[PDB]
Structures are given as structure tokens and as C-alpha cells.
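Listed below are the residues making up each chain.
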Amino acid sequence: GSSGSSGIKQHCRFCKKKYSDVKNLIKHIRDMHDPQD
Ligand SMILES: [Zn+2]
């Protein structure tokens, strides 16, 4: 069919979980996915 949205919500890459608000995600990333690189 038509090309609308490909899933507004974002999905972590490290844990590969589901999140509603992007804001929460970002924080979550550096929260647990904080590599000492
Ligand atoms: Zn994550």
C-alpha cells in the first residue's frame, strides 16, 4: 500500500527492547549501555 510511518516509537539496539517515549530510551542507553570506550 502507501508509505506512511515505519514505527514512530524507537527500539533500543543493545537490549533490543520496546520503548514509548524516545526521551526515556536515550537516558536508558547511557543508563545501562554505558561502555567505557
Ligand atoms: Zn537498551
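Residues numbered from 1 in each chain as written, not as in the entry; some residues may be left out. Heavy atoms only, no water.

Regarding how it was determined, this PDB entry cites solution NMR in its header.

Peer 1: Can you help me understand the overall build of the protein chain in this one?
Peer 2: Along the protein chain, the regular secondary structure elements total one helix and zero strands. Looking at the 37 residues of the protein chain, the share that counts as buried comes to 14%. In the protein chain, the 8 positive side-chain charges and the 4 negative ones have mean positions that sit 10 Å from each other. (Helix = DSSP H or I, 4+ residues; strand = E, 2+ residues; numbered from the N terminus. Buried < 20%, exposed > 50% of the residue type's maximum accessible area, 1.4 Å probe, protein only. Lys, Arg positive; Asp, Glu negative; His and termini not counted. Charge placed at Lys NZ, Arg CZ, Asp CG, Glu CD.)

Peer 1: Just checking my understanding: could you explain unusual backbone geometry for this structure?
Peer 2: A negative phi angle is the norm for most residues apart from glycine, just as the trans form is the norm for most peptide bonds. Phi at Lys16 takes a positive value of approximately 60°, unusual for a residue other than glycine. Within the fold, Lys16 resides in the segment before helix 1 (22–32). We classify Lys16 as exposed; its relative accessible area is 67%.

Peer 1: I'm lost on the coordination of the zinc ion in this one. Help?
Peer 2: Put simply, the ideal angle at a metal is 109.5 degrees for four donors in tetrahedral geometry and 90 or 180 degrees for six donors in octahedral geometry. Ligation of the zinc ion by protein atoms is provided by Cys12 (SG), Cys15 (SG), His28 (NE2) and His33 (NE2), these donors lying 1.9 to 2.4 Å from the ion. Each of the four donor atoms bound to the zinc ion contributes to angles spanning 100 to 124°, and the resulting shape is tetrahedral. Coordination of the zinc ion draws on donor residues from a single chain, spaced C-x2-C-x12-H-x4-H in sequence. By relative accessible area, which is 4% here, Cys12 ends up buried. On the basis of relative accessibility, which here comes to 24%, the residue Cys15 falls in the partly exposed class. (Donors = N, O, S within 2.8 Å, 3.2 Å for Na, K, Ca; no water. Tetrahedral: all angles 85-135°; square planar, octahedral: opposite > 155°, others 65-115°.)

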